[PDB]
S.K.: 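Before I ask anything, here is the structure I am working with.
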Protein chains: 12
Amino acid sequence: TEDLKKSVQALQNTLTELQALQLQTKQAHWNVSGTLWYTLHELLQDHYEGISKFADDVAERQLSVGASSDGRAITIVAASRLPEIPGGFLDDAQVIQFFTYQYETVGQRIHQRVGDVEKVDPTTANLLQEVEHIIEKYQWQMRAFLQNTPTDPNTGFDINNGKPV
Amino acid sequence: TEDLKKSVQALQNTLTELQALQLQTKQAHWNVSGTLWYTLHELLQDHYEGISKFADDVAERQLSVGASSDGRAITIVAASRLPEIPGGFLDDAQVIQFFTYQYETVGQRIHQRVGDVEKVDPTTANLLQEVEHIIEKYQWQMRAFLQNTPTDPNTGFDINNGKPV
Amino acid sequence: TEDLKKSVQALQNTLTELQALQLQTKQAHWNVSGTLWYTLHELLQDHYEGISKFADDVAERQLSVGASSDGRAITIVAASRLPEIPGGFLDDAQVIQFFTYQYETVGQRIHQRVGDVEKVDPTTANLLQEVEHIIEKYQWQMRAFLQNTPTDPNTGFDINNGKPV
Amino acid sequence: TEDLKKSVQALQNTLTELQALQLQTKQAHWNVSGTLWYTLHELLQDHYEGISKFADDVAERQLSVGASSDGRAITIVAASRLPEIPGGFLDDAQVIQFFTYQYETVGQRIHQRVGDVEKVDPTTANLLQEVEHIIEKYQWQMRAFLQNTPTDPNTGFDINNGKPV
Amino acid sequence: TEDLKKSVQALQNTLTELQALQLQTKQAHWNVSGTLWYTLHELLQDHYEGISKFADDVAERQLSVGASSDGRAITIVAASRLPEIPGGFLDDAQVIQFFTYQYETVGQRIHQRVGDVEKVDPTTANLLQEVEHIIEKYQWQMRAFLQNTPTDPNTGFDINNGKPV
Amino acid sequence: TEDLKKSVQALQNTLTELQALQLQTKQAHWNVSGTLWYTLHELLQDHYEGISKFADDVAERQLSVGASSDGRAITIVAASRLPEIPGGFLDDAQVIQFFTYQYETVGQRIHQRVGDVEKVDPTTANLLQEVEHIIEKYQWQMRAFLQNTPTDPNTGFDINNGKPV
Amino acid sequence: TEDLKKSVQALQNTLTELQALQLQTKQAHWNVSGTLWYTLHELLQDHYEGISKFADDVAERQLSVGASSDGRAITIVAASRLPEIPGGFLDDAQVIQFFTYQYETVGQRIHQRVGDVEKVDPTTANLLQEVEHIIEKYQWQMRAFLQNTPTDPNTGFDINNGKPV
Amino acid sequence: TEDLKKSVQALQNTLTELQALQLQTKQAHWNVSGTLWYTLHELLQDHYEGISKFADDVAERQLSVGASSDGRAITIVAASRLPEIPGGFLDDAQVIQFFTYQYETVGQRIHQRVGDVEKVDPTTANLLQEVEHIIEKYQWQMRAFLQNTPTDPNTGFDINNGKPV
Amino acid sequence: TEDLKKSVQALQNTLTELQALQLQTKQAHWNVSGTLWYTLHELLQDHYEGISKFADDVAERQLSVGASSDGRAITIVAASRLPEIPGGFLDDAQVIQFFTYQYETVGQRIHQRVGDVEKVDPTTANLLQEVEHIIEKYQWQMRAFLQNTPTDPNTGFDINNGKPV
Amino acid sequence: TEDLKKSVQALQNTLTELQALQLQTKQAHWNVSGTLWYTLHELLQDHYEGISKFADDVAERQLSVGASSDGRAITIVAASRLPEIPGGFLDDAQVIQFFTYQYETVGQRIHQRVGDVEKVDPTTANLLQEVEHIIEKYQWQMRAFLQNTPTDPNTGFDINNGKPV
Amino acid sequence: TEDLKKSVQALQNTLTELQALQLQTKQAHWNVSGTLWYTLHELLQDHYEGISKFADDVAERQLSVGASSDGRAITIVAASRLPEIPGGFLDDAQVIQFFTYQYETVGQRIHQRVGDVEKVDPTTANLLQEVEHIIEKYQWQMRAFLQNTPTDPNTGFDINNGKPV
Amino acid sequence: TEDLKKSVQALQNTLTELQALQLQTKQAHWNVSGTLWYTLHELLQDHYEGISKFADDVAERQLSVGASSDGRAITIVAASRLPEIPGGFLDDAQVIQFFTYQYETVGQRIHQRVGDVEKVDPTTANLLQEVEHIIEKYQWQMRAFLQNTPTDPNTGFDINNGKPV
Ligand SMILES: [Ca+2]
Ligand SMILES: [Ca+2]
Ligand SMILES: [Ca+2]
Ligand SMILES: [Ca+2]
Ligand SMILES: [Ca+2]
Ligand SMILES: [Ca+2]
Ligand SMILES: [Ca+2]
Ligand SMILES: [Ca+2]
Ligand SMILES: [Ca+2]
Ligand SMILES: [Ca+2]
Ligand SMILES: [Ca+2]
Ligand SMILES: [Ca+2]
Ligand SMILES: [Ca+2]
Ligand SMILES: [Ca+2]
Ligand SMILES: [Ca+2]
Ligand SMILES: [Ca+2]
Ligand SMILES: [Ca+2]
Ligand SMILES: [Ca+2]
Ligand SMILES: [Ca+2]
Ligand SMILES: [Ca+2]
Ligand SMILES: [Ca+2]
Ligand SMILES: [Ca+2]
Ligand SMILES: [Ca+2]
Ligand SMILES: [Ca+2]
Ligand SMILES: [Fe+3]
Ligand SMILES: [Fe+3]
Ligand SMILES: [Fe+3]
Ligand SMILES: [Fe+3]
Ligand SMILES: [Fe+3]
Ligand SMILES: [Fe+3]
Ligand SMILES: [Fe+3]
Ligand SMILES: [Fe+3]
Ligand SMILES: [Fe+3]
Ligand SMILES: [Fe+3]
Ligand SMILES: [Fe+3]
Ligand SMILES: [Fe+3]
Ligand SMILES: [Fe+3]
Ligand SMILES: [Fe+3]
Ligand SMILES: [Fe+3]
Ligand SMILES: [Fe+3]
Ligand SMILES: [Fe+3]
Ligand SMILES: [Fe+3]
Ligand SMILES: [Fe+3]
Ligand SMILES: [Fe+3]
Ligand SMILES: [Fe+3]
Ligand SMILES: [Fe+3]
Ligand SMILES: [Fe+3]
Ligand SMILES: [Fe+3]
Ligand SMILES: [Fe+3]
Ligand SMILES: [Fe+3]
Ligand SMILES: [Fe+3]
Ligand SMILES: [Fe+3]
Ligand SMILES: [Fe+3]
Ligand SMILES: [Fe+3]
Ligand SMILES: [Fe+3]
Ligand SMILES: [Fe+3]
């Protein structure tokens with residue numbers, strides 16, 4: 001009977017993480033500030049759209065394997081497992097640092113769910129692989145702002161008041 | 001100095017209410033069940049899209065009058081003022097009853113914010129009028145399922161196991 | 001000289017009937033109530049669009065055969081030949097019953113106009129056949145809500161307060 | 001209790017006037033004749049589309065504030081308050097004169113409804129302002145054919161058989 | 001064996017007439033002059049597109065009933081049966097007069113072909129009815145510039161140097 | 001040599017099942033009757049389109065691994081393994097019951113084919129997982145009409161003449 | 001009472017023939033081989049789309065005149081009246097030969113149904129004429145690959161291993 | 001008589017300010033230089049499009065209330081009331097500073113015009129509120145590049161040669 | 001060093017002339033009056049769009065050859081070389097006369113710039129040829145309203161109060 | 001005065017050649033037969049569209065330099081200078097041979113017109129270069145069917161009854 | 001540490017193979033000759049687009065797992081492992097033979113990479129499965145030109161100068 | 001005979017340079033890092049698309065003048081004449097510096113080819129002018145990141161670790 005239970009756990013846990021990212025990307029989209037604010041405003045809206053699409057796919061896969069989906073605000077708050085994004089005006093370097101970490105953590109967790117369910121539910125595993133793909137792409141897109149190169153360490157001093165990020 | 005403060009209060013309070021409706025319409029979209037489940041699945045997705053558009057407009061009007069916007073999950077939970085939507089599978093008659101009440105309550109509250117800010121911030125008042133317009137349309141769209149007519153009281157007995165809703 | 005006169009009579013009579021259906025479908029679209037209100041709201045808007053397209057085609061065919069077209073409100077009222085749709089909130093079962101009858105009556109009348117003009121004006125007859133096609137499709141779409149089947153008479157008791165429609 | 005009553009009166013009266021304009025613009029579209037017939041055929045179809053959109057918005061605002069909407073042909077005829085458009089072939093100069101007057105009269109009446117309801121129903125007032133905007137634009141578009149200029153009074157003699165319009 | 005022969009004759013004769021109209025509408029589109037030049041430039045391009053579509057449909061119906069289609073320039077010139085459009089700059093009133101006559105003549109000829117083939121080839125008759133429909137609409141669109149009305153004979157004096165057309 | 005043979009068997013068996021569903025969804029689309037007829041008409045057309053897309057993908061994957069694809073009507077009839085849909089007018093409750101069962105059975109069979117071929121042909125397994133995903137979504141969409149909830153068992157009595165489905 | 005019976009017979013017989021062509025064109029689309037395989041792959045997909053559209057129109061015309069439509073696989077097999085398309089890889093010359101014959105036979109049969117029903121049901125006759133039009137166009141499109149010309153008999157030897165087709 | 005005069009003054013003054021912004025945003029779009037040049041190139045083109053749309057709406061509202069609109073270059077130069085944008089290559093930090101100030105000043109002036117005309121011309125007031133909305137959004141979009149945050153003052157030193165902006 | 005200088009002079013001079021035409025076409029679009037007002041309203045908006053596109057292309061070609069572009073309002077006023085368009089309501093005949101002259105003058109000037117730069121900067125010459133093409137097309141489109149024909153001198157008396165233009 | 005005369009001669013001569021190609025490509029499109037009939041049907045429709053676009057551009061450039069354009073059928077026949085395309089069914093190899101020659105001849109003639117007018121009318125020369133570009137591309141597209149390669153002379157024996165083309 | 005190393009090796013090796021196919025399909029697209037040149041021109045452009053899409057996806061998956069991507073021309077040349085496509089004009093039969101082999105070889109190599117990485121990186125394995133799917137489809141599309149059938153071996157003699165391919 | 005030879009040399013040399021830029025822009029798109037990585041990612045994709053379009057146009061112009069086109073990877077490597085882009089992660093300042101130089105060099109070389117061929121092949125010269133236009137625009141778009149202004153030298157210190165670029 002832990003067939004359905006394992007699939008549900010992986011889908012529901014991924015759903016809540018995506019919804020948390022939905023609210024955080026949108027929050028950063030509105031409030032990000034600094035040299036890169038508009039670049040990140042646009043980039044975060046793209047991430048928001050991709051995350052939102054997969055949140056709907058994950059929720060409906062849960063209904064498809066026969067379980068209701070819990071997307072309520074109390075459930076997002078109850079099932080954090082990750083830091084909250086600060087309120088107020090948000091600096092561009094802070095947004096980059098925040099999602100570099102958040103996307104990496106979410107991607108790692110999905111990666112393990114994939115292995116957990118691939119035996120009993122390869123079609124769910126397939127969907128979670130597609131979520132992992134996009135979250136890891138988004139992680140790269142945040143990582144690349146500070147990626148070291150042969151000619152420049154890209155410390156971020158220029159977007160962080162002269163101090164490395 | 002309560003110029004900005006009055007506008008911010010009206011915008012932020014509306015923003016949180018819209019985000020609460022975002023999560024509730026999406027929750028009902030996934031989990032609604034019964035004779036009208038597909039009708040409501042489609043209708044709730046339309047509401048979700050309209051609510052989501054105005055949530056972004058409200059948040060950016062707040063940035064435009066010079067204040068950050070708080071769209072975090074903890075803030076949605078902290079600033080409820082309305083019932084939560086039940087978890088689990090949701091009956092069509094329950095969804096109709098829930099949003100008939102929720103949209104009416106949200107619309108009434110926006111209606112009062114409009115009067116509060118129209119003197120100091122008519123452009124914000126204009127945006128909140130547009131939000132009120134759509135929320136009240138959505139209220140009608142839920143109300144109409146049970147609207148009494150000369151030939152039929154439309155008690156809802158047929159979607160509520162033989163009992164009036 | 002009754003060449004033009006026969007064509008004009010068939011086109012003008014069809015034009016007025018289409019315009020009457022335009023106003024009735026739109027009236028039902030706004031005011032329909034009950035379990036099927038949203039289903040019928042959507043369906044009636046589709047009918048409205050198809051009826052409106054053919055009303056313009058019929059009027060311009062009348063101009064093309066050399067006669068002015070009378071689409072005035074007084075002419076719609078003067079040339080009824082069919083019941084009026086009730087005012088006020090309209091029950092879903094009442095809307096279905098109303099258009100099941102109205103579309104059947106309009107279709108039968110167009111069907112006879114086709115035979116009347118096919119000899120002297122086959123191109124007008126061709127247009128009226130296309131109108132008959134769509135009106136008869138719409139009749140089916142209303143009829144199907146109450147169509148008897150081997151497993152269920154579909155009396156409509158569920159959308160008509162427990163009583164067969 | 002005259003809250004709803006004042007809003008309903010303003011919405012319903014505007015709805016009937018828009019529907020009257022719907023039928024008149026379409027009638028003029030089919031039957032207009034003369035040098036400017038095609039120019040006006042195209043222009044009147046644009047007006048028809050804008051008027052039709054606002055007729056639906058007005059009717060659904062009426063449902064949104066809790067009242068049924070009366071869009072029946074008998075109601076258009078009963079609630080005239082304006083001249084009827086002539087039947088038969090219509091001269092271009094006659095169409096221009098007719099709508100120059102009709103749009104001005106309708107716009108003035110909406111303008112007063114706006115003031116009547118802005119206190120109790122600013123969101124309805126907002127919609128009626130948008131209707132007033134388009135009707136007054138359309139009035140200009142008809143007025144401009146005969147607008148006096150420094151170099152030419154534009155009497156219309158050229159579209160009215162040598163006589164000023 | 002005169003089954004195919006009757007269909008071919010009707011299709012080929014219609015094809016050549018459409019191709020003649022193709023070249024004449026395009027010629028008038030480029031060279032028309034006067035007050036209505038731009039109105040007619042646009043209108044004639046619309047006619048050109050509709051005529052061109054039916055020319056392809058007629059030619060392929062001929063291939064479908066098993067005969068090659070002759071759309072060569074020498075065949076258009078050889079099979080005139082109608083006046084040629086003048087070269088040089090063309091006055092707006094001259095273009096209106098020309099196509100009022102040409103479309104009427106072409107429409108009458110198609111009308112008779114329809115009756116000739118409807119017994120042996122109703123599907124070809126159906127296509128020729130659709131051609132007749134559009135040609136007669138185009139005739140109206142040219143006729144309407146000079147259509148007499150109760151208030152104005154619309155003699156065309158204003159587009160023809162003070163003289164009735 | 002049973003590499004190709006195992007892949008072919010899984011692809012061909014899935015192809016025939018999809019084609020059977022193609023014809024059954026289309027049959028139900030035309031003939032469904034009752035309160036939910038239009039809801040199901042629309043929903044079944046969506047299913048038809050998704051099933052049709054995957055039928056083409058499955059057939060071309062079979063050609064891609066080097067085998068011809070058998071999509072003939074005799075093969076659909078020969079390779080049933082599932083009930084036939086009744087002829088005649090079909091009740092809405094009967095359609096829901098029929099596809100709830102059919103989609104579940106087809107999904108289970110695809111699920112096992114996935115495991116059978118994932119070792120020798122993971123790319124075919126990947127395609128069959130995508131088919132399983134959509135069939136299981138469609139199963140949910142039919143299941144949800146009768147899904148039990150805390151407030152309502154949703155027996156279907158209202159769409160099945162007073163009797164539970 | 002043989003009014004409905006004659007229309008039903010013509011519509012149902014045409015429906016089954018179209019559905020048979022649906023499956024055969026799709027089968028040929030997947031499996032066709034040789035020099036012209038890709039040309040025919042594309043062409044057959046176009047035919048498939050046109051045939052599929054008319055199959056839906058025919059089925060819904062049957063519902064519109066008040067009869068259920070039988071589109072089940074057993075009915076396609078039971079009501080053959082035409083050869084089956086071979087299974088396995090299909091040569092380009094074989095596909096051309098097959099549909100040249102099949103489309104001609106189907107077109108001839110529809111042609112007679114048109115005459116049978118035109119008196120009692122001209123609107124159905126109109127639809128069947130449109131089906132005949134497209135089937136006869138498709139016949140030409142297959143015929144043209146082997147059409148004799150003054151300079152070349154087009155025997156097909158080049159697509160049929162040196163032997164005339 | 002100062003009804004029209006007050007509306008005209010508010011519309012014309014807004015029109016000239018929008019046209020001045022049109023030319024300045026386009027000038028900055030072409031000539032902006034530095035780290036943010038491409039970000040601002042894109043952003044300024046978006047502003048240009050929104051400003052251009054409202055310039056046309058304002059001018060046509062002026063025609064709609066019965067007055068000609070003055071959009072000539074001499075009038076833009078004559079009615080400055082704001083600094084001119086420098087010629088030559090423009091630094092990104094200079095563009096941000098320039099429009100942060102310009103949009104704030106224009107927004108404040110429109111805000112007062114709204115109050116001036118809302119009594120006599122609420123529909124004009126409504127349009128000017130929509131202009132104020134977009135100008136204030138654009139002000140935020142320029143302001144955000146230098147917005148102070150808890151972790152970073154965003155002095156702009158990085159886009160202004162090491163010196164705070 | 002007069003390589004860049006010759007290209008810059010030709011590009012900048014063309015840019016200013018296009019921007020002057022931008023403002024003049026838009027001014028005429030809003031204020032044109034008389035029989036042809038709507039025809040010219042539409043035509044002038046098309047010209048405005050084409051002129052605006054080439055203004056951006058010319059400005060960016062200037063940046064591409066390494067020089068900043070001066071599109072400021074003071075520069076348009078300073079670099080007139082052509083008459084200003086009158087303010088106030090503008091008669092249709094006056095607009096036609098104005099742009100007939102203005103487009104001819106601008107086209108002639110561009111024509112000479114092309115020859116000046118074709119040796120040192122053929123790619124700039126290529127762009128200026130494309131500008132010349134469109135300006136000369138627009139000149140024709142204004143010229144054609146008064147173009148003499150064999151049957152009618154088209155004096156414009158009908159759009160100019162009985163007097164030749 | 002031979003400025004205009006040289007431009008007119010080059011434009012008019014090109015216009016007539018394009019119109020001749022219009023009719024010939026369309027004739028070949030309908031009547032082409034053989035193995036490549038459908039390939040050429042599609043390709044010739046693409047050529048037809050490109051040729052038709054440039055025919056309109058050439059004619060309007062003629063109006064733009066101040067001369068009427070002669071696109072009449074008699075002028076196409078009078079100004080041949082090239083062979084006529086045969087009537088009747090046309091073999092694929094014959095169509096390829098025909099346009100290989102025709103496009104080469106037309107391209108060579110345009111090429112010389114370009115040099116003739118480039119001094120006095122570089123903008124016309126620019127347009128004729130664009131026509132030459134497309135005609136020479138089309139020549140390649142016909143040439144390539146018989147282009148010799150290291151491994152195959154591509155004699156065309158397979159599309160020409162065993163004989164080299 | 002060979003986690004990343006195994007994924008990188010599989011992604012980079014696939015990337016280089018796709019880029020090699022990009023250049024080869026484009027080369028064949030331009031230079032292919034013979035009876036099938038246009039068929040292959042079109043087909044190869046479709047392959048080019050699909051290959052190009054997956055090349056970008058593979059490169060960005062490499063960035064997503066934390067490694068730079070090497071898409072330089074020297075790397076394509078250095079990492080051949082497959083024959084080069086001949087220069088000069090290319091015969092249709094040669095292109096078919098070339099890609100039949102090349103796509104098969106590339107597909108086999110991707111197939112093995114999938115198994116190599118599926119344990120440590122199932123999301124990368126998922127992407128490589130999608131690449132394998134399209135490459136194997138393209139292989140079929142080239143294979144089908146010479147696929148043996150019961151009625152015809154399809155030796156290719158007709159596209160290869162009388163000799164089997 | 002050096003007619004074709006001069007055109008071929010100019011086209012082929014331009015083709016190879018464009019293909020080299022294709023691979024370099026795509027390489028920079030994937031691997032660029034630092035503050036401007038996303039700005040350049042987007043900008044480089046736009047350049048890639050424009051370069052790719054002109055590469056196809058240049059190759060097909062070569063086929064149109066009768067010569068095969070060499071777009072093979074070995075030819076790109078053999079015909080360098082320009083530096084290679086570094087492998088590995090690429091800093092934003094390095095990408096800007098690289099393409100500022102590369103686009104300038106390519107543009108200068110095309111500029112000379114234009115003069116070389118304009119006499120014998122003005123249509124090829126026309127195409128190469130269009131390539132020069134876009135390459136020089138792209139050069140500006142890279143140059144502008146470091147363009148000196150009156151208020152800021154834009155040394156790039158902020159994107160290059162504190163050191164001028
Ligand atoms: Ca770093
Ligand atoms: Ca910062
Ligand atoms: Ca009730
Ligand atoms: Ca229920
Ligand atoms: Ca019943
Ligand atoms: Ca009811
Ligand atoms: Ca006047
Ligand atoms: Ca008149
Ligand atoms: Ca008259
Ligand atoms: Ca005239
Ligand atoms: Ca149940
Ligand atoms: Ca039922
Ligand atoms: Ca033959
Ligand atoms: Ca063969
Ligand atoms: Ca700051
Ligand atoms: Ca700077
Ligand atoms: Ca004149
Ligand atoms: Ca005038
Ligand atoms: Ca050869
Ligand atoms: Ca042949
Ligand atoms: Ca073979
Ligand atoms: Ca060959
Ligand atoms: Ca610098
Ligand atoms: Ca850097
Ligand atoms: Fe959903
Ligand atoms: Fe999988
Ligand atoms: Fe936003
Ligand atoms: Fe307001
Ligand atoms: Fe508003
Ligand atoms: Fe508004
Ligand atoms: Fe119309
Ligand atoms: Fe007919
Ligand atoms: Fe018909
Ligand atoms: Fe028809
Ligand atoms: Fe509506
Ligand atoms: Fe308001
Ligand atoms: Fe065609
Ligand atoms: Fe018929
Ligand atoms: Fe397919
Ligand atoms: Fe997989
Ligand atoms: Fe259907
Ligand atoms: Fe008929
Ligand atoms: Fe405008
Ligand atoms: Fe307002
Ligand atoms: Fe630009
Ligand atoms: Fe040039
Ligand atoms: Fe044109
Ligand atoms: Fe040139
Ligand atoms: Fe050019
Ligand atoms: Fe060009
Ligand atoms: Fe990319
Ligand atoms: Fe997988
Ligand atoms: Fe997958
Ligand atoms: Fe997938
Ligand atoms: Fe290409
Ligand atoms: Fe040139």
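Note that these values count all heavy atoms, side chains included, but never hydrogens, waters or copies made by symmetry. Chain letters run A, B, ... following the sequence lines, proteins first, then strands; residues in each count from 1.
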S.K.: Which residues from residues 53-60 of chain L are near chain K, with near meaning under 4.5 Å between non-hydrogen atoms?
M.R.: L:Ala55, L:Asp56, L:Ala59, L:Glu60

S.K.: Answer yes or no: does atom CD of K:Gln97 have more than 12 heavy-atom neighbours from other residues, nucleotides or ligands under 6.0 Å?
M.R.: no

S.K.: Could you have a look at K:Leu63, K:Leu90, K:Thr75 and say which one has the most heavy-atom pairs with chain L under 4.5 angstrom?
M.R.: K:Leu63

S.K.: Would you say K:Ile76 and L:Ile76 make side-chain contact, with heavy atoms under 4.5 Å?
M.R.: no

S.K.: What heavy-atom pair brings L:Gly88 and K:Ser68 nearest, and what distance separates the two atoms?
M.R.: CA-OG, 3.5 Å

S.K.: Where is the tightest heavy-atom contact between K:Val77 and L:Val77, given as atom of each residue plus distance?
M.R.: CG2-CG2, 3.5 Å

S.K.: Less than 4.5 Å apart, side chain to side chain, heavy atoms only: is that true for L:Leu15 and K:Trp30?
M.R.: yes

S.K.: With side chains defined as the heavy atoms from C-beta onward, is the minimum distance between L:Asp70 and K:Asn31 less than 4.5 Å?
M.R.: no

S.K.: Who wins among K:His29, K:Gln62, K:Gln19 for the most heavy-atom pairs under 4.5 Å with chain L?
M.R.: K:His29

S.K.: Got a second to check how far K:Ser52's OG is from L:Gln22's CD, nearest 0.5 Å?
M.R.: 8.5 Å

S.K.: When you measure from the side chain of L:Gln27 to the backbone N and O of K:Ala73, does any donor-acceptor pair fall under 3.5 Å?
M.R.: no

S.K.: Under a 4.5 Å cut-off applied to non-hydrogen side-chain atoms, are L:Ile85 and K:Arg72 in contact?
M.R.: yes

